[PDB]
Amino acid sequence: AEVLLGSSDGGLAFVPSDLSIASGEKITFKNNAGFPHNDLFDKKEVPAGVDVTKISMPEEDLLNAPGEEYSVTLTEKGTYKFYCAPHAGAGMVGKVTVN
């Protein structure tokens, strides 16, 4: 799966912001507009047994340039919530369900 970081009209959003993937599927998060961005998973809204420090970017690392990417594979089934650190109060939050 690929998820765009920012909307083309400048909206500070993941596109799509709610998606479904298969267990073991790789998600590539790609800079699209309005960067910098990063991705961080919420430690309270991931399945049990998942270590959020292994699947999140470090809070202070940023994707700064057009086309930059961050990829992560999710295996544990359930719902994961994630957000972009610099834009978290601006509404840049998303959800992925692993089936």
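Throughout, we count residues from 1 along the sequence that is shown.
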- [ ] Averaging the C-alpha B factors as listed in the entry, name the stretch that ends up higher: 68 to 76 or 39 to 47.
- [x] 39 to 47
- [ ] Compare the CA B factors listed in the entry for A33, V52, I27, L63 and report the winner.
- [x] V52
TODO: Divide the modelled residues of the chain into thirds by Cα B-factor and specify which third, lowest, middle or highest, holds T97.
DONE: lowest
Open item on the list: Splitting the chain's C-alpha B-factors into thirds, which one does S17 fall into?
Closed with: lowest
